[PDB]
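The file my_file.cif comes next; it holds mmCIF, C-alpha atoms and all ligand atoms.
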```cif
data_target
loop_
_atom_site.label_atom_id
_atom_site.label_comp_id
_atom_site.auth_asym_id
_atom_site.auth_seq_id
_atom_site.Cartn_x
_atom_site.Cartn_y
_atom_site.Cartn_z
CA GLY A 16 -4.05 26.46 -12.59
CA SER A 17 -1.33 26.58 -9.88
CA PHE A 18 -1.91 25.83 -6.12
CA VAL A 19 -1.96 29.64 -5.48
CA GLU A 20 -4.94 29.99 -7.92
CA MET A 21 -6.63 27.04 -6.06
CA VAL A 22 -6.41 28.73 -2.64
CA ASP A 23 -9.84 30.01 -1.41
CA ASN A 24 -11.71 27.97 -4.08
CA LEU A 25 -14.27 26.66 -1.48
CA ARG A 26 -17.32 28.41 -0.01
CA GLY A 27 -20.09 27.18 2.25
CA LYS A 28 -22.90 27.76 4.72
CA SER A 29 -22.40 26.44 8.32
CA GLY A 30 -23.73 22.89 8.67
CA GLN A 31 -24.41 22.73 4.92
CA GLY A 32 -20.99 21.60 3.65
CA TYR A 33 -18.29 23.17 1.52
CA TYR A 34 -18.56 23.52 -2.25
CA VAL A 35 -16.30 24.10 -5.26
CA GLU A 36 -17.30 25.61 -8.59
CA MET A 37 -17.31 23.08 -11.42
CA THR A 38 -18.39 22.92 -15.05
CA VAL A 39 -20.21 20.03 -16.70
CA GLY A 40 -20.82 19.45 -20.42
CA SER A 41 -19.92 21.22 -23.64
CA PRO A 42 -20.60 24.14 -23.82
CA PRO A 43 -19.74 24.31 -20.03
CA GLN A 44 -22.56 24.57 -17.49
CA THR A 45 -21.36 26.14 -14.21
CA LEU A 46 -22.53 24.46 -10.98
CA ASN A 47 -21.55 24.63 -7.31
CA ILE A 48 -20.60 21.18 -6.01
CA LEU A 49 -20.29 19.99 -2.40
CA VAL A 50 -16.91 18.34 -1.71
CA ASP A 51 -17.62 14.96 -0.13
CA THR A 52 -14.91 12.58 1.09
CA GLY A 53 -17.73 10.33 2.46
CA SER A 54 -19.13 9.26 -0.93
CA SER A 55 -17.79 8.18 -4.33
CA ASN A 56 -20.42 9.35 -6.80
CA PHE A 57 -20.37 12.62 -8.76
CA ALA A 58 -24.15 13.27 -8.50
CA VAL A 59 -25.74 16.50 -9.77
CA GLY A 60 -29.25 17.97 -9.88
CA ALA A 61 -30.48 17.47 -13.49
CA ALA A 62 -34.15 18.49 -13.16
CA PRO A 63 -35.91 21.48 -11.51
CA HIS A 64 -36.25 21.46 -7.71
CA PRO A 65 -37.53 24.15 -5.26
CA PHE A 66 -34.06 24.26 -3.60
CA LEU A 67 -32.02 24.31 -6.88
CA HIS A 68 -30.78 27.64 -8.33
CA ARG A 69 -29.78 25.86 -11.57
CA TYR A 70 -29.26 22.28 -12.79
CA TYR A 71 -27.44 20.13 -15.35
CA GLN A 72 -29.27 20.19 -18.74
CA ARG A 73 -27.97 17.15 -20.65
CA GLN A 74 -29.90 18.13 -23.85
CA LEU A 75 -27.63 21.23 -24.13
CA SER A 76 -24.40 19.16 -23.97
CA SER A 77 -23.04 17.59 -27.24
CA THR A 78 -20.40 15.69 -25.21
CA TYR A 79 -23.04 14.02 -23.02
CA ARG A 80 -23.11 10.25 -23.42
CA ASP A 81 -26.04 8.29 -21.95
CA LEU A 82 -24.94 5.04 -20.17
CA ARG A 83 -28.53 3.66 -20.32
CA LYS A 84 -28.42 2.83 -16.61
CA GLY A 85 -30.48 4.09 -13.68
CA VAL A 86 -29.14 4.60 -10.14
CA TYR A 87 -31.30 4.55 -6.98
CA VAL A 88 -29.75 5.75 -3.74
CA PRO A 89 -31.86 5.40 -0.55
CA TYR A 90 -29.84 6.31 2.57
CA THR A 91 -30.67 6.65 6.32
CA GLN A 92 -31.85 10.32 6.13
CA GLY A 93 -33.11 10.65 2.52
CA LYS A 94 -32.79 9.47 -1.08
CA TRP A 95 -31.77 10.34 -4.62
CA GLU A 96 -32.42 8.67 -7.95
CA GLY A 97 -31.11 9.37 -11.40
CA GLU A 98 -29.56 8.32 -14.69
CA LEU A 99 -25.91 7.57 -15.39
CA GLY A 100 -23.91 9.09 -18.22
CA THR A 101 -20.50 10.62 -18.95
CA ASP A 102 -19.52 14.15 -19.90
CA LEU A 103 -16.67 16.67 -19.89
CA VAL A 104 -15.93 18.09 -16.46
CA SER A 105 -13.65 20.91 -15.26
CA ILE A 106 -12.84 22.77 -11.99
CA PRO A 107 -12.25 26.47 -12.96
CA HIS A 108 -10.31 27.20 -9.72
CA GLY A 109 -8.72 23.75 -9.68
CA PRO A 110 -6.25 21.97 -12.01
CA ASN A 111 -6.00 23.44 -15.52
CA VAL A 112 -7.59 20.32 -17.06
CA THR A 113 -10.84 18.97 -18.56
CA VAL A 114 -11.65 15.30 -18.10
CA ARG A 115 -14.38 12.95 -19.20
CA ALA A 116 -16.12 11.62 -16.05
CA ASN A 117 -19.13 9.64 -14.90
CA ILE A 118 -22.10 11.80 -13.86
CA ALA A 119 -25.27 10.68 -12.07
CA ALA A 120 -27.96 13.09 -13.25
CA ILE A 121 -30.37 13.38 -10.25
CA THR A 122 -33.95 13.44 -11.59
CA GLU A 123 -35.82 12.81 -8.25
CA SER A 124 -34.75 13.23 -4.60
CA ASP A 125 -35.92 13.33 -0.98
CA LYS A 126 -34.21 15.55 1.68
CA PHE A 127 -30.99 15.61 -0.36
CA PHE A 128 -30.89 19.24 -1.57
CA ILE A 129 -30.96 21.93 1.19
CA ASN A 130 -32.81 25.29 0.92
CA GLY A 131 -30.24 28.10 0.25
CA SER A 132 -27.10 25.90 0.52
CA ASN A 133 -25.86 27.37 -2.83
CA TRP A 134 -24.76 23.92 -4.19
CA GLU A 135 -26.43 21.81 -6.95
CA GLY A 136 -24.54 18.53 -6.72
CA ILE A 137 -21.97 16.49 -4.79
CA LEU A 138 -18.43 15.39 -5.68
CA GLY A 139 -17.80 12.05 -4.00
CA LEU A 140 -14.01 11.87 -3.43
CA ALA A 141 -13.87 8.40 -1.82
CA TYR A 142 -13.12 5.07 -3.55
CA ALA A 143 -14.95 2.92 -6.15
CA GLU A 144 -15.83 0.27 -3.52
CA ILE A 145 -18.64 2.52 -2.21
CA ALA A 146 -19.81 3.89 -5.61
CA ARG A 147 -23.46 3.39 -6.57
CA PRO A 148 -24.83 1.22 -8.21
CA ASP A 149 -21.55 -0.72 -7.80
CA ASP A 150 -17.71 -0.48 -7.93
CA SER A 151 -17.64 -0.46 -11.77
CA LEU A 152 -18.67 3.21 -11.80
CA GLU A 153 -15.29 4.92 -11.79
CA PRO A 154 -15.26 7.89 -9.33
CA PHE A 155 -14.26 11.36 -10.55
CA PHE A 156 -10.82 11.53 -8.87
CA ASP A 157 -9.80 8.16 -10.40
CA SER A 158 -10.75 9.51 -13.89
CA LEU A 159 -8.92 12.82 -13.26
CA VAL A 160 -5.74 10.83 -12.31
CA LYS A 161 -5.91 8.36 -15.24
CA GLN A 162 -6.58 11.07 -17.85
CA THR A 163 -4.09 13.75 -16.73
CA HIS A 164 -0.66 14.07 -15.08
CA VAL A 165 -2.30 15.21 -11.78
CA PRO A 166 -0.57 13.49 -8.76
CA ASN A 167 -2.83 11.09 -6.85
CA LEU A 168 -3.44 13.36 -3.85
CA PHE A 169 -5.69 16.20 -2.79
CA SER A 170 -5.92 18.30 0.36
CA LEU A 171 -8.73 20.12 2.13
CA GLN A 172 -8.44 23.27 4.25
CA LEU A 173 -11.96 23.78 5.63
CA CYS A 174 -12.47 27.10 7.43
CA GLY A 175 -15.34 27.75 9.83
CA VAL A 189 -17.60 29.98 5.39
CA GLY A 190 -14.62 29.22 3.09
CA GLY A 191 -11.48 27.21 2.45
CA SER A 192 -9.37 25.46 -0.15
CA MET A 193 -9.26 22.21 -2.06
CA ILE A 194 -5.77 21.67 -3.45
CA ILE A 195 -5.69 19.03 -6.13
CA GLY A 196 -2.47 17.18 -6.88
CA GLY A 197 -0.41 18.61 -4.06
CA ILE A 198 0.28 20.20 -0.68
CA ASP A 199 0.21 23.99 -0.29
CA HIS A 200 2.59 24.96 2.59
CA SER A 201 0.89 28.38 3.13
CA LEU A 202 -2.24 26.52 4.36
CA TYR A 203 -0.61 25.06 7.50
CA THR A 204 1.97 25.53 10.26
CA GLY A 205 4.12 22.98 12.07
CA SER A 206 4.40 19.34 11.02
CA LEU A 207 2.13 17.09 8.94
CA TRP A 208 1.33 13.88 10.86
CA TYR A 209 0.13 10.86 8.85
CA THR A 210 -2.39 8.17 9.75
CA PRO A 211 -2.80 5.12 7.45
CA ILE A 212 -5.86 4.67 5.23
CA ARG A 213 -6.87 1.24 6.64
CA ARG A 214 -8.91 0.24 3.58
CA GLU A 215 -9.68 2.02 0.33
CA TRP A 216 -13.50 2.39 0.48
CA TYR A 217 -14.41 5.36 2.65
CA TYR A 218 -11.28 7.13 3.93
CA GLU A 219 -11.07 4.67 6.83
CA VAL A 220 -8.69 5.41 9.71
CA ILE A 221 -7.99 4.08 13.23
CA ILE A 222 -8.48 6.03 16.51
CA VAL A 223 -6.26 4.53 19.28
CA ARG A 224 -7.14 6.81 22.28
CA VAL A 225 -9.67 9.55 23.15
CA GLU A 226 -9.11 12.16 25.90
CA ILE A 227 -11.43 14.88 27.18
CA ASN A 228 -9.49 17.66 28.94
CA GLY A 229 -6.49 15.30 29.14
CA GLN A 230 -8.56 12.53 30.82
CA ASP A 231 -8.44 9.19 28.96
CA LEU A 232 -11.87 7.66 28.24
CA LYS A 233 -10.25 4.26 29.23
CA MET A 234 -12.07 2.08 26.71
CA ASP A 235 -10.66 -0.72 24.65
CA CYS A 236 -9.50 1.14 21.52
CA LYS A 237 -11.65 -1.11 19.26
CA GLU A 238 -14.70 0.72 20.74
CA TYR A 239 -13.53 3.97 19.05
CA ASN A 240 -13.58 2.23 15.65
CA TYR A 241 -16.83 0.26 16.01
CA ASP A 242 -17.54 -0.68 13.14
CA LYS A 243 -15.24 1.75 11.22
CA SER A 244 -13.84 5.29 11.64
CA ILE A 245 -13.89 7.58 8.60
CA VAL A 246 -12.87 11.13 7.55
CA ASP A 247 -15.89 12.72 5.97
CA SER A 248 -16.14 16.31 4.70
CA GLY A 249 -19.82 15.41 3.77
CA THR A 250 -20.84 15.04 7.46
CA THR A 251 -21.07 18.18 9.66
CA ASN A 252 -20.61 16.53 13.08
CA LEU A 253 -18.07 14.49 14.94
CA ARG A 254 -20.21 11.29 15.15
CA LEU A 255 -19.28 8.65 17.75
CA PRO A 256 -20.37 5.03 18.43
CA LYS A 257 -23.01 4.89 21.21
CA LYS A 258 -20.61 3.72 23.99
CA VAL A 259 -18.00 6.39 23.08
CA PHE A 260 -20.69 9.10 22.59
CA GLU A 261 -22.21 8.38 26.06
CA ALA A 262 -18.73 8.50 27.78
CA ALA A 263 -17.79 11.68 25.88
CA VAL A 264 -21.03 13.47 26.90
CA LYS A 265 -20.57 12.40 30.56
CA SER A 266 -17.00 13.83 30.51
CA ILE A 267 -17.98 17.11 28.73
CA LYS A 268 -20.94 17.62 31.15
CA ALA A 269 -18.49 17.11 34.12
CA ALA A 270 -15.98 19.67 32.76
CA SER A 271 -18.76 22.21 31.97
CA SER A 272 -20.79 21.61 35.21
CA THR A 273 -20.81 25.33 36.29
CA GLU A 274 -23.66 25.60 33.75
CA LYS A 275 -26.49 23.15 33.20
CA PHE A 276 -27.96 22.69 29.77
CA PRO A 277 -31.16 20.88 28.68
CA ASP A 278 -30.92 17.21 27.61
CA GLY A 279 -32.03 18.32 24.13
CA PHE A 280 -28.83 20.36 23.81
CA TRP A 281 -26.70 17.19 24.36
CA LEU A 282 -28.90 15.38 21.75
CA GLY A 283 -28.45 18.20 19.16
CA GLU A 284 -32.24 18.82 19.41
CA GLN A 285 -31.83 22.37 20.78
CA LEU A 286 -29.58 25.40 20.81
CA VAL A 287 -27.64 26.86 23.71
CA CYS A 288 -27.55 30.69 23.63
CA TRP A 289 -25.49 33.35 25.42
CA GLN A 290 -25.61 37.15 25.19
CA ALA A 291 -23.46 38.14 22.12
CA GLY A 292 -19.72 37.80 22.77
CA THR A 293 -20.14 36.15 26.23
CA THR A 294 -19.81 32.46 25.16
CA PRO A 295 -18.00 30.81 28.12
CA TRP A 296 -15.45 28.88 25.99
CA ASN A 297 -13.22 28.12 29.07
CA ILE A 298 -15.91 25.92 30.80
CA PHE A 299 -15.85 23.50 27.78
CA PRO A 300 -13.00 20.97 27.52
CA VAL A 301 -10.66 20.15 24.68
CA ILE A 302 -11.19 16.79 22.93
CA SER A 303 -8.12 14.86 21.77
CA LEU A 304 -8.40 12.12 19.14
CA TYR A 305 -5.24 9.97 18.95
CA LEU A 306 -4.80 8.50 15.46
CA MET A 307 -2.76 5.46 14.54
CA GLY A 308 0.69 6.45 13.28
CA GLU A 309 2.59 5.01 10.29
CA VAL A 310 4.74 2.93 12.69
CA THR A 311 3.73 0.30 15.26
CA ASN A 312 2.26 1.56 18.53
CA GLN A 313 3.08 5.15 17.66
CA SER A 314 0.27 7.70 17.38
CA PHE A 315 -0.34 11.43 17.16
CA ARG A 316 -3.20 13.50 18.48
CA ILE A 317 -5.45 16.12 16.94
CA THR A 318 -7.05 18.44 19.53
CA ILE A 319 -10.50 19.97 19.05
CA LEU A 320 -11.55 23.09 20.97
CA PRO A 321 -15.20 23.96 21.84
CA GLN A 322 -15.04 26.60 19.05
CA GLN A 323 -15.05 23.56 16.69
CA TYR A 324 -17.59 21.27 18.47
CA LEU A 325 -20.11 24.03 19.40
CA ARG A 326 -21.38 25.00 15.94
CA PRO A 327 -22.80 28.56 15.70
CA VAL A 328 -26.30 28.76 14.25
CA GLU A 329 -26.69 32.06 12.40
CA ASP A 330 -30.21 33.40 12.70
CA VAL A 331 -31.05 37.10 12.47
CA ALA A 332 -33.99 36.44 14.87
CA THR A 333 -31.69 35.15 17.66
CA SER A 334 -28.91 37.70 16.95
CA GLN A 335 -28.98 39.54 20.29
CA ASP A 336 -27.30 36.21 21.29
CA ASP A 337 -24.70 33.76 19.99
CA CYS A 338 -26.49 30.36 19.69
CA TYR A 339 -24.87 26.97 19.14
CA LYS A 340 -25.77 23.36 18.40
CA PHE A 341 -23.70 20.60 20.07
CA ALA A 342 -21.92 19.15 16.97
CA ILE A 343 -21.08 15.76 18.47
CA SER A 344 -23.68 13.06 17.93
CA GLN A 345 -24.33 9.35 18.28
CA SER A 346 -23.75 6.97 15.38
CA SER A 347 -24.66 3.31 14.86
CA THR A 348 -22.31 3.13 11.79
CA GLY A 349 -18.94 3.98 13.41
CA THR A 350 -17.00 7.22 14.06
CA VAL A 351 -17.33 10.04 11.54
CA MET A 352 -14.69 12.73 11.67
CA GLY A 353 -16.81 15.35 9.94
CA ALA A 354 -16.41 19.04 9.12
CA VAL A 355 -16.23 20.14 12.75
CA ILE A 356 -13.10 17.95 13.14
CA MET A 357 -11.57 18.95 9.75
CA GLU A 358 -12.07 22.71 10.35
CA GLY A 359 -8.80 24.38 11.34
CA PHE A 360 -6.68 21.44 10.16
CA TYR A 361 -5.07 21.07 6.81
CA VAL A 362 -6.08 17.53 5.78
CA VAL A 363 -4.00 15.75 3.12
CA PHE A 364 -5.72 12.81 1.36
CA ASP A 365 -2.53 11.08 0.20
CA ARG A 366 -4.11 8.39 -1.96
CA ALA A 367 -0.69 7.61 -3.61
CA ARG A 368 0.75 6.65 -0.19
CA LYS A 369 -2.55 5.30 1.33
CA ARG A 370 -2.35 7.81 4.21
CA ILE A 371 -4.12 10.91 5.54
CA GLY A 372 -2.09 13.81 6.81
CA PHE A 373 -3.12 16.36 9.43
CA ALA A 374 -1.53 19.71 10.32
CA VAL A 375 -2.73 22.86 12.09
CA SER A 376 -4.40 25.08 9.46
CA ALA A 377 -3.71 28.80 8.82
CA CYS A 378 -7.46 29.23 9.60
CA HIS A 379 -7.07 27.19 12.85
CA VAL A 380 -9.02 27.65 16.00
CA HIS A 381 -7.75 29.43 19.08
CA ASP A 382 -8.58 32.00 21.67
CA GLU A 383 -5.90 33.52 23.95
CA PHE A 384 -5.80 30.40 26.19
CA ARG A 385 -5.82 27.37 23.86
CA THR A 386 -5.08 26.42 20.27
CA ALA A 387 -6.12 23.36 18.19
CA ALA A 388 -3.05 21.14 17.70
CA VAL A 389 -1.53 18.17 15.80
CA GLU A 390 1.06 16.62 18.10
CA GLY A 391 3.20 13.57 18.48
CA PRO A 392 4.62 11.01 18.76
CA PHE A 393 2.87 9.04 21.51
CA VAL A 394 3.83 5.50 22.61
CA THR A 395 1.51 2.70 23.79
CA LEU A 396 3.38 -0.62 24.43
CA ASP A 397 0.11 -2.15 25.83
CA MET A 398 -1.68 -2.07 22.45
CA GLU A 399 -3.81 -4.67 20.66
CA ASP A 400 -5.17 -3.99 17.17
CA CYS A 401 -7.68 -1.10 17.44
CA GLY A 402 -9.51 -2.04 14.24
CA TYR A 403 -12.63 -4.20 13.59
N1 LIG B 501 -20.92 12.04 3.34
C1 LIG B 501 -22.25 12.09 3.01
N2 LIG B 501 -22.70 12.58 1.90
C2 LIG B 501 -24.18 12.52 1.82
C3 LIG B 501 -24.53 11.65 0.61
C4 LIG B 501 -25.45 10.59 0.68
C5 LIG B 501 -25.72 9.80 -0.44
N3 LIG B 501 -25.21 10.07 -1.63
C6 LIG B 501 -24.36 11.08 -1.73
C7 LIG B 501 -23.75 11.31 -3.09
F1 LIG B 501 -24.71 11.83 -3.94
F2 LIG B 501 -22.70 12.20 -3.05
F3 LIG B 501 -23.23 10.15 -3.63
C8 LIG B 501 -23.96 11.89 -0.67
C9 LIG B 501 -24.87 13.87 1.75
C10 LIG B 501 -26.02 14.06 0.96
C11 LIG B 501 -26.69 15.29 0.97
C12 LIG B 501 -26.22 16.32 1.78
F4 LIG B 501 -26.86 17.49 1.82
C13 LIG B 501 -25.08 16.14 2.59
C14 LIG B 501 -24.57 17.22 3.52
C15 LIG B 501 -23.18 17.47 3.65
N4 LIG B 501 -22.72 18.36 4.53
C16 LIG B 501 -23.61 19.01 5.27
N5 LIG B 501 -24.94 18.86 5.23
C17 LIG B 501 -25.44 17.97 4.36
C18 LIG B 501 -24.44 14.89 2.57
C19 LIG B 501 -24.54 11.90 3.17
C20 LIG B 501 -25.79 11.65 3.76
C21 LIG B 501 -25.84 11.02 5.02
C22 LIG B 501 -24.66 10.72 5.71
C23 LIG B 501 -23.41 11.02 5.14
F5 LIG B 501 -22.26 10.69 5.78
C24 LIG B 501 -23.36 11.63 3.87
NA NA B 502 -18.09 25.38 12.43
#
```
Is it possible to express this structure as structure tokens?
Amino acid sequence: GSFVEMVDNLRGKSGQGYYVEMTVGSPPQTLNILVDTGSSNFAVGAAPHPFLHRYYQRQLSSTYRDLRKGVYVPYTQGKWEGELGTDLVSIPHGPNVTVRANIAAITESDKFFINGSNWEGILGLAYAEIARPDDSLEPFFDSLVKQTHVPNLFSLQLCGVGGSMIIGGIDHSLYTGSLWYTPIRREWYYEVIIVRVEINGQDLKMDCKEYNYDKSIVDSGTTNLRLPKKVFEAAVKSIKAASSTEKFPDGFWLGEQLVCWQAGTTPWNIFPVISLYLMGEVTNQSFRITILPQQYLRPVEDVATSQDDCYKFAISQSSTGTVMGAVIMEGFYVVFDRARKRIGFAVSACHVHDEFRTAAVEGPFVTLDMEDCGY
């Protein structure tokens, strides 16, 4: 159960998240579970569904304990409902431990499971404040920490699929260069502060609070980089200007349609780099993470369109603040240092580059003219 044995423990389908193998109950029932830093519930399919390969059968587990409490989770894009209980949980390619944890057994859902995603539940890695029904339902990671000697930290290396989730430590073979830390502003979602945004080195010149309206989070459970309306509109204007040698339909910029090029001819050079400057651990100091088009133009695999390489624009508008989703995390080694209330970023071993540009994590940067960038 060493970090080496944890490397390459994630798999996934593009736009459908990354999952880890887990076991639930006694005797153990193997399930694939999506790793979600944007939620705090451990919620698993517990009844048949057209999109489920398998599901949690509580009647077969002697260690199952019913909490006699229902949970109903309607959210913007769908819903899930279930029953709360506790059971024995393990991660075969994770720490060499078995813990007793809360489990929300999903008995009914709407647009939650995805056809052929290969996962049957979600592991919410964020804090109790956002747990459903309320903050009294201890999240999985909290239980893992309380019950074992596992250090209060985990890291994600998402590769654009596969990757690694390292529990209880930092694996140096997963990144190059330096780890730069940004503070966790509040322990609910993994909330952070963006202090500056540049598109091909050009500052968006907005008050930095706009970038964090009403919060900015790091979410492995969201595919896109999602931006507040004002920021999204300025970003699109700037990307369109940089890429103006080619004109795309409005639907492409809305994520409503694909852009396709003859296989291997994607004009990466016409698309700009996006730099997100994150608040440093010291006053008015920041570092930047740079995103290439290979990260924000998400390939859509489809045998029918395979004479071409087709992409969806993976930057979208949000009315609930910035979401640094999978397209941002890909090619960075992201350290969720809960013990030190900070999130670390470093260039990943599976980072993005072509022969002209490389994703980067760079600093420090100084801004003497700064106000508080948070809401
Ligand atoms: N971050 C999130 N996890 C949720 C979510 C919403 C409500 N409850 C949960 C639960 F069950 F984990 F608590 C998760 C989720 C649910 C189902 C999914 F298929 C996916 C997903 C992830 N990656 C790629 N494609 C789809 C995400 C979800 C839905 C909407 C916005 C979000 F930011 C999230
Ligand atoms: Na991708």
Hey, which residues come within 9 Å of ligand NA 502 (chain B) if we count all atoms listed in the file? Could you give them as a compact mmCIF listing (two decimals) with C-alpha atoms, in the frame of the given file?
```
# COMPACT_ATOMS: atom_id res chain seq x y z
CA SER A 29 -22.40 26.44 8.32
CA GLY A 30 -23.73 22.89 8.67
CA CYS A 174 -12.47 27.10 7.43
CA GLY A 175 -15.34 27.75 9.83
CA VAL A 189 -17.60 29.98 5.39
CA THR A 251 -21.07 18.18 9.66
CA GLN A 322 -15.04 26.60 19.05
CA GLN A 323 -15.05 23.56 16.69
CA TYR A 324 -17.59 21.27 18.47
CA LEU A 325 -20.11 24.03 19.40
CA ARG A 326 -21.38 25.00 15.94
CA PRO A 327 -22.80 28.56 15.70
CA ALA A 342 -21.92 19.15 16.97
CA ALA A 354 -16.41 19.04 9.12
CA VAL A 355 -16.23 20.14 12.75
CA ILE A 356 -13.10 17.95 13.14
CA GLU A 358 -12.07 22.71 10.35
```
When distances are computed from all atoms listed in the file, which of A:53, A:197, A:359, A:89 shows the smallest separation from residue 142 in chain A?
A:53
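The coordinates place CA of residue 402 in chain A at 29.6 Å from CA of residue 299 in chain A.
For the atom pair formed by CA of residue 94 in chain A and CA of residue 125 in chain A, the distance is 5.0 Å, given to one decimal.
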Residues near residue 47 in chain A, anyone? I mean within 9 Å using all atoms listed in the file, not counting same-chain ones fewer than 2 positions away, as a list in words.
residues 34, 35, 36, 37, 38, 45, 49, 133, 134, 135, 136 and 137 of chain A
May I have the residues from that selection written out with C-alpha atoms, as a PDB file, in the coordinates of the input?
```pdb
ATOM      1  CA  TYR A  34     -18.560  23.520  -2.250  1.00  0.00           C
ATOM      2  CA  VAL A  35     -16.300  24.100  -5.260  1.00  0.00           C
ATOM      3  CA  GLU A  36     -17.300  25.610  -8.590  1.00  0.00           C
ATOM      4  CA  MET A  37     -17.310  23.080 -11.420  1.00  0.00           C
ATOM      5  CA  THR A  38     -18.390  22.920 -15.050  1.00  0.00           C
ATOM      6  CA  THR A  45     -21.360  26.140 -14.210  1.00  0.00           C
ATOM      7  CA  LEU A  49     -20.290  19.990  -2.400  1.00  0.00           C
ATOM      8  CA  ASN A 133     -25.860  27.370  -2.830  1.00  0.00           C
ATOM      9  CA  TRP A 134     -24.760  23.920  -4.190  1.00  0.00           C
ATOM     10  CA  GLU A 135     -26.430  21.810  -6.950  1.00  0.00           C
ATOM     11  CA  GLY A 136     -24.540  18.530  -6.720  1.00  0.00           C
ATOM     12  CA  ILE A 137     -21.970  16.490  -4.790  1.00  0.00           C
TER      13      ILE A 137
END
```
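Each of A:149, A:169, A:193, A:126 was compared to residue 25 in chain A using only C-alpha atoms, and A:193 turns out to be the nearest.
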Shell of 9 Å around residue 401 in chain A, all atoms listed in the file, local chain residues under 4 positions omitted, as number ranges by chain:
A: 221-223, 235-240, 307
With C-alpha atoms retained, could you export that selection as a PDB file, in the coordinates of the input?
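Output saved as part.pdb:
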```pdb
ATOM      1  CA  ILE A 221      -7.990   4.080  13.230  1.00  0.00           C
ATOM      2  CA  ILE A 222      -8.480   6.030  16.510  1.00  0.00           C
ATOM      3  CA  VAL A 223      -6.260   4.530  19.280  1.00  0.00           C
ATOM      4  CA  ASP A 235     -10.660  -0.720  24.650  1.00  0.00           C
ATOM      5  CA  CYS A 236      -9.500   1.140  21.520  1.00  0.00           C
ATOM      6  CA  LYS A 237     -11.650  -1.110  19.260  1.00  0.00           C
ATOM      7  CA  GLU A 238     -14.700   0.720  20.740  1.00  0.00           C
ATOM      8  CA  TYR A 239     -13.530   3.970  19.050  1.00  0.00           C
ATOM      9  CA  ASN A 240     -13.580   2.230  15.650  1.00  0.00           C
ATOM     10  CA  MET A 307      -2.760   5.460  14.540  1.00  0.00           C
TER      11      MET A 307
END
```
From A:245, A:220, A:286, A:259, residue lying nearest residue 306 in chain A [only C-alpha atoms]
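Of the candidates, the smallest distance to residue 306 in chain A is held by A:220.
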Given all atoms listed in the file as the counted atoms, nearest of A:254, A:200, A:340, A:224 to ligand LIG 501 (chain B):
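Going through A:254, A:200, A:340, A:224 one by one, the smallest distance to ligand LIG 501 (chain B) is for A:254.
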How close does each residue of chain A get to ligand LIG 501 (chain B), giving the shortest atom pair and distance in Å to one decimal for every residue with an atom at most 7 Å away, counting all atoms listed in the file, sorted by chain and residue number, as CSV?
```
residue,atom,partner,partner_atom,distance
A:30,CA,B:LIG501,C16,5.2
A:31,CA,B:LIG501,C16,3.8
A:32,CA,B:LIG501,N4,3.8
A:51,CA,B:LIG501,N1,5.6
A:52,CA,B:LIG501,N1,6.4
A:53,CA,B:LIG501,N1,3.7
A:54,CA,B:LIG501,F3,5.0
A:55,CA,B:LIG501,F3,5.8
A:56,CA,B:LIG501,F3,4.3
A:57,CA,B:LIG501,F2,6.2
A:58,CA,B:LIG501,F1,4.8
A:88,CA,B:LIG501,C5,6.6
A:90,CA,B:LIG501,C5,6.2
A:91,CA,B:LIG501,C21,6.6
A:92,CA,B:LIG501,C21,6.2
A:127,CA,B:LIG501,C11,4.5
A:128,CA,B:LIG501,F4,5.5
A:129,CA,B:LIG501,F4,6.1
A:137,CA,B:LIG501,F2,4.7
A:138,CA,B:LIG501,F2,5.9
A:139,CA,B:LIG501,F2,5.0
A:247,CA,B:LIG501,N1,5.7
A:248,CA,B:LIG501,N1,6.6
A:249,CA,B:LIG501,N1,3.6
A:250,CA,B:LIG501,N4,4.8
A:251,CA,B:LIG501,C16,5.1
```
Residues at most 10 Å from range 292-297 of chain A, counting all atoms listed in the file, excluding those fewer than 6 positions away in the same chain, as a VMD selection string?
chain A and resid 270 to 271 274 320 to 322 325 335 to 339 382 384 to 385
Determine, counting all atoms listed in the file, which protein, DNA and RNA residues have an atom within 7 Å of an atom of range 344-351 of chain A; residues of the same chain fewer than 5 positions away are not included. Present the result as a ChimeraX atom specification.
/A:239-247,252-257,260,282
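Of note, CA of residue 77 in chain A and CA of residue 196 in chain A are spaced 28.9 Å apart.
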Could you check which of A:287, A:202, A:269, A:159 is closest to residue 18 in chain A, using only C-alpha atoms?
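Ranked by minimum distance to residue 18 in chain A, first place goes to A:202.
Candidate residues A:231, A:390, A:399, A:365 were compared for distance to residue 170 in chain A, and the nearest is A:365, using all atoms listed in the file.
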Please identify all polymer residues within 10 Å of residue 305 in chain A, counting all atoms listed in the file, omitting same-chain residues fewer than 5 positions from it, and present them as a ChimeraX atom specification.
/A:210,221-226,313-318,389-393
Could you take the residues named above and write them with C-alpha atoms, as a short mmCIF file (atom, residue, chain, number, x, y, z; two decimals), in the frame of the given file?
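The new file again_36.cif reads:
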```
data_model
loop_
_atom_site.label_atom_id
_atom_site.label_comp_id
_atom_site.auth_asym_id
_atom_site.auth_seq_id
_atom_site.Cartn_x
_atom_site.Cartn_y
_atom_site.Cartn_z
CA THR A 210 -2.39 8.17 9.75
CA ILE A 221 -7.99 4.08 13.23
CA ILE A 222 -8.48 6.03 16.51
CA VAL A 223 -6.26 4.53 19.28
CA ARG A 224 -7.14 6.81 22.28
CA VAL A 225 -9.67 9.55 23.15
CA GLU A 226 -9.11 12.16 25.90
CA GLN A 313 3.08 5.15 17.66
CA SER A 314 0.27 7.70 17.38
CA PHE A 315 -0.34 11.43 17.16
CA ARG A 316 -3.20 13.50 18.48
CA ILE A 317 -5.45 16.12 16.94
CA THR A 318 -7.05 18.44 19.53
CA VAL A 389 -1.53 18.17 15.80
CA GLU A 390 1.06 16.62 18.10
CA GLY A 391 3.20 13.57 18.48
CA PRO A 392 4.62 11.01 18.76
CA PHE A 393 2.87 9.04 21.51
#
```
